[PDB]
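Take a look at the structure below.
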Amino acid sequence: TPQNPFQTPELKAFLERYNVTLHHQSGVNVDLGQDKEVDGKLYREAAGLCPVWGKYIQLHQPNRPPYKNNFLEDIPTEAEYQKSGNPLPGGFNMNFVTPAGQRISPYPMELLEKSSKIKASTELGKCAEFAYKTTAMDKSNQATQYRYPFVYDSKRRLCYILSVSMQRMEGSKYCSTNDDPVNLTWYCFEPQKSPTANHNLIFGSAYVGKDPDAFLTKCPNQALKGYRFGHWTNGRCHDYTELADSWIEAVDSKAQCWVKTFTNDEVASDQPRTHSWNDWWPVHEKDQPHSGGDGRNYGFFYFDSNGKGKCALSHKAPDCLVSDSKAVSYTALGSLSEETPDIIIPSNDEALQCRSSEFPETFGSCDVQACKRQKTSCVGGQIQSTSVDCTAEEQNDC
């Protein structure tokens with residue numbers, strides 16, 4: 001056989017869902033992939049279709065009252081900012097209230113579970129849906145087409161709608177970090193994922209809630225236990241450790257590799273390398289970057305020849321897999337969890353499965369440049385895709 005066993009229709013859809021370019025279609029680190037007009041001015045907008053697991057915005061407020069360094073805090077009141085001085089106290093969370101004097105964010109899941117205008121079949125999805133219904137009001141109090149990002153906190157079952165859509169601020173000329181410099185309006189912040197903290201948080205653009213059931217099958221929300229991502233060249237599946245432009249960095253735990261997919265310089269991002277107190281959204285500029293999901297988004301935990309924990313990070317959306325029991329594959333979008341987390345299980349994958357009787361063993365031609373060949377088979381109910389030795393005959397072209 002000459003052909004990618006993963007190029008099957010069922011398998012291609014499977015692999016395709018790892019492709020940030022293909023469904024997400026916006027930055028992951030910073031997501032500002034759309035622009036909407038509000039009150040004459042044009043503003044950047046989180047646009048991405050996939051929820052990102054474990055992402056939060058880290059704050060660099062000064063370590064003293066009234067500062068909390070927690071972006072889930074209400075944005076500051078004029079008075080609260082008067083009483084505090086610079087910089088802004090509070091967080092990114094929308095503190096606006098209903099005409100009926102009810103309060104929009106956070107919002108208890110139980111209420112959403114018992115609202116009939118919310119159709120989404122999932123817990124996470126319901127909250128995404130809630131974000132999508134939440135359009136900005138203009139400066140003559142009308143509905144616009146601008147929508148806020150959302151963070152569902154699963155541990156507390158609260159759905160946060162974020163008034164601030166800014167995801168990154170850098171530079172002493174622009175913001176203070178720990179009140180250095182001193183009289184600056186804005187503290188600094190950045191998107192972050194941790195090996196240990198905030199796995200109960202899920203950052204998404206409201207547009208994740210457009211068709212709030214889609215991301216269940218189109219987004220790479222879990223991690224792949226037992227495979228390395230890889231690309232198909234020369235009739236066999238090269239994992240990332242064989243691709244020249246990949247990054248090989250030592251980690252102590254898989255958790256740390258998972259963070260790196262999100263954290264490396266080159267992860268898909270919409271933030272350019274260079275603000276009033278009241279200004280919650282980024283402005284449009286003529287040349288601002290839209291990654292459109294392009295970037296070093298992909299990697300896997302694995303062990304060296306010498307059993308050194310290492311992490312392979314790549315630009316290349318995987319179009320095949322190398323089976324490896326102790327490896328796990330991560331995207332900049334997905335969680336650390338290898339199993340479907342039960343907040344995206346409706347109360348109301350299969351692609352990787354096989355039987356030997358149906359799926360014969362197969363051998364490709366020698367990839368002479370590496371003197372290995374592809375070997376596909378069915379081992380213990382699941383596709384095995386490895387590289388193995390070429391035959392003696394074949395070896396005489398290496």
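By order in the structure tokens, chains are A, B, ...; within a chain, residues start at 1; ligands start at 1, following the order shown.
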
Using backbone DSSP assignments, extract all strand (DSSP E) residues from segment 209-263 of chain A; output them as a ChimeraX atom specification. /A:224-233,236-239,247-250

List every residue of segment 271-376 of chain A that has an atom at most 10 Å from any atom of segment 100-124 of chain A, and for each one report the closest atom pair and its distance in Å to one decimal, counting only C-alpha atoms, with rows sorted by chain and then by increasing residue number, as JSON lines.
```
{"residue": "A:342", "atom": "CA", "partner": "A:123", "partner_atom": "CA", "distance": 8.6}
{"residue": "A:343", "atom": "CA", "partner": "A:123", "partner_atom": "CA", "distance": 5.2}
{"residue": "A:344", "atom": "CA", "partner": "A:122", "partner_atom": "CA", "distance": 5.2}
{"residue": "A:345", "atom": "CA", "partner": "A:122", "partner_atom": "CA", "distance": 6.2}
{"residue": "A:346", "atom": "CA", "partner": "A:122", "partner_atom": "CA", "distance": 4.9}
{"residue": "A:347", "atom": "CA", "partner": "A:122", "partner_atom": "CA", "distance": 7.6}
{"residue": "A:348", "atom": "CA", "partner": "A:121", "partner_atom": "CA", "distance": 7.3}
```

Take the residues that were just selected and, keeping N, CA, C and O atoms, output them as a JSON list (two decimals), in the first residue's frame.
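Saved the output as result_32.json:
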```
[["chain", "number", "residue", "atom", "x", "y", "z"],
["A", 342, "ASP", "N", -17.17, 15.54, 32.16],
["A", 342, "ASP", "CA", -18.62, 15.44, 32.16],
["A", 342, "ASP", "C", -19.35, 16.78, 32.25],
["A", 342, "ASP", "O", -20.49, 16.83, 32.71],
["A", 343, "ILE", "N", -18.71, 17.84, 31.78],
["A", 343, "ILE", "CA", -19.43, 19.09, 31.58],
["A", 343, "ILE", "C", -19.70, 19.35, 30.10],
["A", 343, "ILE", "O", -20.28, 20.37, 29.74],
["A", 344, "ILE", "N", -19.24, 18.44, 29.25],
["A", 344, "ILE", "CA", -19.59, 18.46, 27.84],
["A", 344, "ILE", "C", -20.19, 17.12, 27.46],
["A", 344, "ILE", "O", -20.25, 16.77, 26.28],
["A", 345, "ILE", "N", -20.61, 16.36, 28.46],
["A", 345, "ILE", "CA", -21.46, 15.20, 28.21],
["A", 345, "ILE", "C", -22.90, 15.65, 28.32],
["A", 345, "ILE", "O", -23.32, 16.15, 29.37],
["A", 346, "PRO", "N", -23.69, 15.50, 27.24],
["A", 346, "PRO", "CA", -25.11, 15.81, 27.44],
["A", 346, "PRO", "C", -25.71, 14.81, 28.41],
["A", 346, "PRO", "O", -25.29, 13.65, 28.43],
["A", 347, "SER", "N", -26.65, 15.25, 29.25],
["A", 347, "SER", "CA", -27.45, 14.30, 30.03],
["A", 347, "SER", "C", -28.39, 13.49, 29.13],
["A", 347, "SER", "O", -28.73, 12.35, 29.45],
["A", 348, "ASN", "N", -28.79, 14.08, 28.00],
["A", 348, "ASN", "CA", -29.52, 13.37, 26.96],
["A", 348, "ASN", "C", -28.59, 12.82, 25.88],
["A", 348, "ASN", "O", -28.68, 11.65, 25.51]]
```

Suppose you want the space between atom CA of residue 156 of chain A and atom CA of residue 213 of chain A; what is it in Å? 22.0 Å

Which residues are near residue 362 of chain A? Cut-off 12 Å, only C-alpha atoms, ignore same chain within fewer than 6 positions. Put them as a PyMOL selection string. chain A and resi 1-5+235-236+356+373-378+383-388

For the residues in the current selection, export N, CA, C and O atoms as a PDB file, in the first residue's frame.
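Okay, again-v5.pdb is ready:
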```
ATOM      1  N   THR A   1       0.841  -1.235   0.000  1.00  0.00           N
ATOM      2  CA  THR A   1       0.000   0.000   0.000  1.00  0.00           C
ATOM      3  C   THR A   1       0.857   1.260   0.000  1.00  0.00           C
ATOM      4  O   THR A   1       1.926   1.288   0.615  1.00  0.00           O
ATOM      5  N   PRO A   2       0.396   2.298  -0.719  1.00  0.00           N
ATOM      6  CA  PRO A   2       1.066   3.595  -0.733  1.00  0.00           C
ATOM      7  C   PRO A   2       0.407   4.677   0.141  1.00  0.00           C
ATOM      8  O   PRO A   2       0.924   5.791   0.222  1.00  0.00           O
ATOM      9  N   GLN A   3      -0.703   4.358   0.806  1.00  0.00           N
ATOM     10  CA  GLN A   3      -1.606   5.411   1.267  1.00  0.00           C
ATOM     11  C   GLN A   3      -1.869   5.531   2.766  1.00  0.00           C
ATOM     12  O   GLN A   3      -2.019   4.540   3.472  1.00  0.00           O
ATOM     13  N   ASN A   4      -1.948   6.785   3.203  1.00  0.00           N
ATOM     14  CA  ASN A   4      -2.298   7.204   4.557  1.00  0.00           C
ATOM     15  C   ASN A   4      -3.529   6.515   5.143  1.00  0.00           C
ATOM     16  O   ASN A   4      -4.666   6.866   4.818  1.00  0.00           O
ATOM     17  N   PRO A   5      -3.315   5.570   6.062  1.00  0.00           N
ATOM     18  CA  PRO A   5      -4.471   4.871   6.608  1.00  0.00           C
ATOM     19  C   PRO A   5      -5.439   5.823   7.295  1.00  0.00           C
ATOM     20  O   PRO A   5      -6.572   5.444   7.580  1.00  0.00           O
ATOM     21  N   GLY A 235       5.247   8.225   2.117  1.00  0.00           N
ATOM     22  CA  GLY A 235       4.527   6.986   2.362  1.00  0.00           C
ATOM     23  C   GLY A 235       4.578   6.458   3.788  1.00  0.00           C
ATOM     24  O   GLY A 235       4.271   5.286   4.014  1.00  0.00           O
ATOM     25  N   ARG A 236       4.964   7.303   4.749  1.00  0.00           N
ATOM     26  CA  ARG A 236       4.835   6.957   6.174  1.00  0.00           C
ATOM     27  C   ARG A 236       4.692   8.141   7.135  1.00  0.00           C
ATOM     28  O   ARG A 236       5.169   9.244   6.864  1.00  0.00           O
ATOM     29  N   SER A 356      -9.364  -6.697  14.035  1.00  0.00           N
ATOM     30  CA  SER A 356      -8.339  -7.312  13.189  1.00  0.00           C
ATOM     31  C   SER A 356      -8.973  -7.974  11.967  1.00  0.00           C
ATOM     32  O   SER A 356      -8.462  -7.867  10.850  1.00  0.00           O
ATOM     33  N   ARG A 373       9.764   2.052   7.335  1.00  0.00           N
ATOM     34  CA  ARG A 373       8.512   1.979   6.586  1.00  0.00           C
ATOM     35  C   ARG A 373       7.329   1.983   7.541  1.00  0.00           C
ATOM     36  O   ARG A 373       7.444   1.566   8.697  1.00  0.00           O
ATOM     37  N   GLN A 374       6.200   2.491   7.057  1.00  0.00           N
ATOM     38  CA  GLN A 374       4.967   2.510   7.827  1.00  0.00           C
ATOM     39  C   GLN A 374       4.475   1.080   8.126  1.00  0.00           C
ATOM     40  O   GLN A 374       4.566   0.189   7.276  1.00  0.00           O
ATOM     41  N   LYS A 375       3.959   0.861   9.332  1.00  0.00           N
ATOM     42  CA  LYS A 375       3.237  -0.371   9.631  1.00  0.00           C
ATOM     43  C   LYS A 375       1.899  -0.117  10.326  1.00  0.00           C
ATOM     44  O   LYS A 375       1.855   0.278  11.497  1.00  0.00           O
ATOM     45  N   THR A 376       0.811  -0.381   9.608  1.00  0.00           N
ATOM     46  CA  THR A 376      -0.541  -0.203  10.142  1.00  0.00           C
ATOM     47  C   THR A 376      -1.184  -1.553  10.467  1.00  0.00           C
ATOM     48  O   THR A 376      -1.110  -2.491   9.669  1.00  0.00           O
ATOM     49  N   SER A 377      -1.812  -1.645  11.637  1.00  0.00           N
ATOM     50  CA  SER A 377      -2.531  -2.859  12.034  1.00  0.00           C
ATOM     51  C   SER A 377      -3.563  -2.571  13.124  1.00  0.00           C
ATOM     52  O   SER A 377      -3.724  -1.423  13.545  1.00  0.00           O
ATOM     53  N   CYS A 378      -4.272  -3.605  13.568  1.00  0.00           N
ATOM     54  CA  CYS A 378      -5.223  -3.440  14.666  1.00  0.00           C
ATOM     55  C   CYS A 378      -4.778  -4.151  15.944  1.00  0.00           C
ATOM     56  O   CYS A 378      -4.884  -5.368  16.061  1.00  0.00           O
ATOM     57  N   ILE A 383      -6.329   1.356  16.181  1.00  0.00           N
ATOM     58  CA  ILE A 383      -5.339   1.425  15.109  1.00  0.00           C
ATOM     59  C   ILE A 383      -3.953   1.488  15.720  1.00  0.00           C
ATOM     60  O   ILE A 383      -3.702   2.297  16.613  1.00  0.00           O
ATOM     61  N   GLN A 384      -3.057   0.630  15.244  1.00  0.00           N
ATOM     62  CA  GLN A 384      -1.634   0.829  15.479  1.00  0.00           C
ATOM     63  C   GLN A 384      -0.946   1.356  14.243  1.00  0.00           C
ATOM     64  O   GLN A 384      -1.030   0.772  13.167  1.00  0.00           O
ATOM     65  N   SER A 385      -0.292   2.494  14.405  1.00  0.00           N
ATOM     66  CA  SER A 385       0.466   3.104  13.336  1.00  0.00           C
ATOM     67  C   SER A 385       1.863   3.326  13.868  1.00  0.00           C
ATOM     68  O   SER A 385       2.051   4.118  14.795  1.00  0.00           O
ATOM     69  N   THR A 386       2.825   2.571  13.343  1.00  0.00           N
ATOM     70  CA  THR A 386       4.232   2.722  13.735  1.00  0.00           C
ATOM     71  C   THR A 386       5.140   2.792  12.519  1.00  0.00           C
ATOM     72  O   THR A 386       4.671   2.674  11.385  1.00  0.00           O
ATOM     73  N   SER A 387       6.425   3.049  12.774  1.00  0.00           N
ATOM     74  CA  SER A 387       7.506   2.823  11.812  1.00  0.00           C
ATOM     75  C   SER A 387       8.299   1.599  12.235  1.00  0.00           C
ATOM     76  O   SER A 387       8.515   1.374  13.430  1.00  0.00           O
ATOM     77  N   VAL A 388       8.724   0.800  11.262  1.00  0.00           N
ATOM     78  CA  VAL A 388       9.532  -0.385  11.549  1.00  0.00           C
ATOM     79  C   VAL A 388      10.659  -0.525  10.526  1.00  0.00           C
ATOM     80  O   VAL A 388      10.720   0.220   9.548  1.00  0.00           O
TER      81      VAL A 388
END
```

Tell me, as number ranges by chain, which residues lie within 9 Å of segment 261-269 of chain A, counting only C-alpha atoms; anything in the same chain fewer than 6 positions away does not count. A: 20, 26-32, 55, 191-193, 289-300, 313-315, 330-333

Could you go through segment 138-383 of chain A and tell me which residues DSSP, when run on the backbone, assigns to alpha helix (DSSP H), listing them as a PyMOL selection string? chain A and resi 215-218+254-263

Give me the residues near residue 132 of chain A as a list in words, where near means some atom within 12 Å (using only C-alpha atoms) and where sequence neighbours in that chain fewer than 4 positions away do not count. residues 46, 47, 49, 118, 120, 125, 126, 127, 128, 136, 145, 146, 147, 148, 149, 150, 161, 204, 205, 206, 207, 208, 209, 210, 211 and 212 of chain A

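Minimum distance to residue 196 of chain A across A:336, A:317, A:57, A:184 (counting only C-alpha atoms) occurs at A:336.
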
Could you state the separation of atom CA of residue 310 of chain A and atom CA of residue 54 of chain A in Å, given to one decimal place? 21.2 Å

Quick one: residues within 7 Å of residue 74 of chain A, only C-alpha atoms counted, chain neighbours fewer than 5 positions away excluded, as a ChimeraX atom specification? /A:90-95

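If only C-alpha atoms are the atoms counted, then among A:255, A:327, A:354, A:322 the closest residue to residue 238 of chain A is A:322.
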
Between A:60, A:284, A:326, A:168, which is the closest to residue 309 of chain A once you count only C-alpha atoms? A:326

Hey, which of A:224, A:72, A:50, A:197 ends up closest to residue 349 of chain A? Count only C-alpha atoms. A:224

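Between residue 10 of chain A and the residues A:239, A:39, A:270, A:350, the shortest atom-to-atom distance, using only C-alpha atoms, involves A:350.
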
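Each of A:188, A:11, A:166, A:88 was compared to residue 59 of chain A using only C-alpha atoms, and A:188 turns out to be the nearest.
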
Long-range neighbours of residue 390 of chain A as an MDAnalysis selection string, 6 Å cut-off, only C-alpha atoms, 3 positions minimum in chain: chainID A and resid 366 372:373 394

Kindly export the residues of the current selection with N, CA and C atoms, as an mmCIF file, in the first residue's frame.
```cif
data_model
loop_
_atom_site.group_PDB
_atom_site.id
_atom_site.type_symbol
_atom_site.label_atom_id
_atom_site.label_comp_id
_atom_site.auth_asym_id
_atom_site.auth_seq_id
_atom_site.Cartn_x
_atom_site.Cartn_y
_atom_site.Cartn_z
ATOM 1 N N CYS A 366 9.667 1.407 1.586
ATOM 2 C CA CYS A 366 10.715 1.990 2.404
ATOM 3 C C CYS A 366 10.815 3.473 2.093
ATOM 4 N N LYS A 372 13.089 3.600 7.290
ATOM 5 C CA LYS A 372 11.961 2.915 7.923
ATOM 6 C C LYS A 372 10.771 2.838 6.954
ATOM 7 N N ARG A 373 9.764 2.052 7.335
ATOM 8 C CA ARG A 373 8.512 1.979 6.586
ATOM 9 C C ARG A 373 7.329 1.983 7.541
ATOM 10 N N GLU A 394 14.956 -3.990 0.613
ATOM 11 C CA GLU A 394 14.669 -2.553 0.620
ATOM 12 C C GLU A 394 15.841 -1.694 1.104
#
```

Tell me, in Å to one decimal, how far atom CA of residue 33 of chain A is from atom CA of residue 45 of chain A. 6.1 Å
